[PDB]
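Peer 1: Structure in structure tokens, see below.
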4 protein chains.
Amino acid sequence: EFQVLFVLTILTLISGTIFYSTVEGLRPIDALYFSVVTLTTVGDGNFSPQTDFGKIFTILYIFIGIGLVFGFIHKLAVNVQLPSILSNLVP
Amino acid sequence: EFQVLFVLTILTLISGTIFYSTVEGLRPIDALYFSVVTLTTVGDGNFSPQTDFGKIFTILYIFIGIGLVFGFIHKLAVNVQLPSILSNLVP
Amino acid sequence: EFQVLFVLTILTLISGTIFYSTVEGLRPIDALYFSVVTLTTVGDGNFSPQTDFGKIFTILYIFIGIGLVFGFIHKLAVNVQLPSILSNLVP
Amino acid sequence: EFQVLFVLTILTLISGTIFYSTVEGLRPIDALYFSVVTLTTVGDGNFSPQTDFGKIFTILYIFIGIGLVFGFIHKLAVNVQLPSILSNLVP
Ligand SMILES: [Ba+2]
Ligand SMILES: [Ba+2]
Ligand SMILES: [K+]
Ligand SMILES: [K+]
Ligand SMILES: [K+]
């Protein structure tokens, strides 16, 4: 479960990285950063896509990727972080 | 369910698109982009409504539209994305 | 329930409005706008508090107000929006 | 529970404060502010990490810290705010 969610998140992020570095001309790391803050709904305070293609893609990217990214964060904290803490609270 | 949620989301987004392109003078695609990043809580890093009418509308737009948009994203991933993946994990 | 949540949200927003218009010198409507986009986690693309007092308050404002604001949005859509739609889907 | 969540949130925020004030050169209060608005997904409208180290850290910081921060906000409102209000609604 966590593995599949992990793999799906990676693939989604790779897709955004390729798109923004190609269409919006961002350096790869910046495209990855934008993809991450966008899907986690944190938001980027400086960059906004400048092309109409970038705007449409971002809109679709958001609706399709948010559910996945949060499903991953949800399990990452509940089934991988909670225990390491919970079992650690045991005297 | 997913259909109704889909239709309701579209109508909400169309409303924002019309409002911002008319009151804030944004190009239609930009008004749609702003409506989308606002309701998904991602946020726009460059634009903020400039008129008092735009600010009040955005405030009300947020409170009324967030619940809907996320109800749609929730089902879009759970009742339309999960299966295509779940049934796909079956050897 | 919805009434109490409504009243609590209003009081929280009034507090932010007074704080930002006084300490950060924002026009009242702008202080209200900032308070709203901050507590709904949408975020403001142009303004960030400039004083250390504004930064500390915003930090505490966020932790205390997000839960409330979303509890209100949750009920606003589930116990006030769902029905108006659900009962409306009945032929 | 609330205590542990509180302590874990503090440690996470201290880590971000140290990182951004050191690598991105932000004043401590600004580093704390950025760490807070980032993990609560509110977002900062003016600052974005400028170094590649800052971008990578923020990406990892987000995935690991969001779950915790919201687990804390969830309990802060449900097991510490709800009662003070609920028991207060009793005539
Ligand atoms: Ba900006
Ligand atoms: Ba945001
Ligand atoms: K958000
Ligand atoms: K934002
Ligand atoms: K922003």
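Chain labels follow the order of the structure tokens: the first chain is A, the next B, and so on; residue numbering restarts at 1 in every chain, and ligands are counted from 1 in their shown order.
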Chain B near ligand 4 within 10 Å: what's each residue's closest atom pair and its distance in Å to one decimal, counting only C-alpha atoms and all ligand atoms, ordered by chain then ascending residue number, as JSON lines?
Peer 2:
{"residue": "B:37", "atom": "CA", "partner": "ligand 4", "partner_atom_place_in_ligand_line": "1 (K)", "distance": 8.7}
{"residue": "B:38", "atom": "CA", "partner": "ligand 4", "partner_atom_place_in_ligand_line": "1 (K)", "distance": 8.8}
{"residue": "B:41", "atom": "CA", "partner": "ligand 4", "partner_atom_place_in_ligand_line": "1 (K)", "distance": 7.3}
{"residue": "B:42", "atom": "CA", "partner": "ligand 4", "partner_atom_place_in_ligand_line": "1 (K)", "distance": 5.5}
{"residue": "B:43", "atom": "CA", "partner": "ligand 4", "partner_atom_place_in_ligand_line": "1 (K)", "distance": 4.0}
{"residue": "B:44", "atom": "CA", "partner": "ligand 4", "partner_atom_place_in_ligand_line": "1 (K)", "distance": 6.0}
{"residue": "B:45", "atom": "CA", "partner": "ligand 4", "partner_atom_place_in_ligand_line": "1 (K)", "distance": 6.3}
{"residue": "B:46", "atom": "CA", "partner": "ligand 4", "partner_atom_place_in_ligand_line": "1 (K)", "distance": 9.7}
Peer 1: Looking only at the backbone, which of the residues in chain C does DSSP tag as alpha helix (DSSP H), as an MDAnalysis selection string?
Peer 2: chainID C and resid 2:23 28:39 52:78 82:86
Peer 1: Name the residues in contact with residue D:81 at a cut-off of 12 Å, using only C-alpha atoms, excluding same-chain residues fewer than 2 positions from it; report them as a tab-separated table (two decimals) with C-alpha atoms, in the first residue's frame.
Peer 2:
chain	number	residue	atom	x	y	z
C	8	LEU	CA	-17.06	31.46	16.40
C	63	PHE	CA	-2.75	27.09	14.82
C	64	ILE	CA	-5.79	28.24	16.76
C	65	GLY	CA	-8.04	29.29	13.87
C	66	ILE	CA	-7.58	26.65	11.17
C	67	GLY	CA	-9.38	23.91	13.10
C	68	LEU	CA	-12.37	26.16	13.73
C	71	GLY	CA	-14.98	22.72	11.21
D	2	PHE	CA	-1.75	16.21	22.81
D	73	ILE	CA	-4.06	20.91	14.87
D	74	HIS	CA	-6.72	18.20	14.67
D	75	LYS	CA	-6.32	17.27	18.34
D	76	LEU	CA	-5.74	20.87	19.44
D	77	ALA	CA	-9.22	21.75	18.18
D	78	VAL	CA	-10.99	18.47	18.95
D	79	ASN	CA	-9.51	17.55	22.34
D	83	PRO	CA	-14.68	20.93	25.18
D	84	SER	CA	-13.93	24.50	26.27
D	85	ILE	CA	-16.76	25.37	23.88
D	86	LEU	CA	-19.01	22.33	24.23
D	87	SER	CA	-19.06	22.34	28.03
D	88	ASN	CA	-19.54	26.10	27.69
Peer 1: B:72, B:53, B:21, B:47: which is nearest ligand 1, counting only C-alpha atoms and all ligand atoms?
Peer 2: B:47
Peer 1: List the neighbours of residue D:51 out to 10 Å using only C-alpha atoms; skip same-chain residues closer than 5 positions along the sequence, and give me the result as a PDB file with N, CA and C atoms, in the first residue's frame.
Peer 2:
ATOM      1  N   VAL D  23      20.956  28.104   6.118  1.00  0.00           N
ATOM      2  CA  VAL D  23      21.153  27.905   4.685  1.00  0.00           C
ATOM      3  C   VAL D  23      20.587  29.024   3.807  1.00  0.00           C
ATOM      4  N   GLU D  24      19.412  29.535   4.157  1.00  0.00           N
ATOM      5  CA  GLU D  24      18.794  30.596   3.366  1.00  0.00           C
ATOM      6  C   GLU D  24      19.074  31.973   3.951  1.00  0.00           C
ATOM      7  N   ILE D  56      15.363  21.313  -1.917  1.00  0.00           N
ATOM      8  CA  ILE D  56      15.279  19.888  -1.608  1.00  0.00           C
ATOM      9  C   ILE D  56      14.791  19.676  -0.178  1.00  0.00           C
ATOM     10  N   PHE D  57      15.369  20.421   0.759  1.00  0.00           N
ATOM     11  CA  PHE D  57      14.968  20.306   2.159  1.00  0.00           C
ATOM     12  C   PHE D  57      13.485  20.622   2.336  1.00  0.00           C
TER      13      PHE D  57
END
Peer 1: Name all residues at most 12 Å from residue C:25 (count only C-alpha atoms; drop same-chain ones fewer than 5 positions away) and give them as a list in words.
Peer 2: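 After dropping sequence-adjacent residues, the list is residues 17, 18, 19, 20, 30, 31, 47, 49, 50, 51 and 54 of chain C.
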Peer 1: Give the answer as one residue: which of C:82, C:89, C:14, C:5 has the shortest atom-to-atom distance to chain D, using only C-alpha atoms?
Peer 2: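 Counting only C-alpha atoms, the residue closest to chain D is C:5.
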Peer 1: Quick one, how far is atom CA of residue D:62 from atom CA of residue C:34?
Peer 2: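 Interatomic distance, atom CA of residue D:62 to atom CA of residue C:34: 22.9 Å.
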Peer 1: Provide the atom CA of residue D:35 to atom CA of residue D:10 distance in Å, to one decimal place.
Peer 2: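 Computed distance, atom CA of residue D:35 to atom CA of residue D:10, equals 11.0 Å.
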Peer 1: Considering only C-alpha atoms and all ligand atoms, state which residue in the set C:7, C:13, C:39, C:29 is at the smallest distance from ligand 2.
Peer 2: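 Once distances to ligand 2 are computed over only C-alpha atoms and all ligand atoms, the minimum belongs to C:39.
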Peer 1: One decimal, Å: what's the distance from atom CA of residue C:61 over to atom CA of residue D:9, could you say?
Peer 2: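 Atom CA of residue C:61 sits 15.8 Å away from atom CA of residue D:9.
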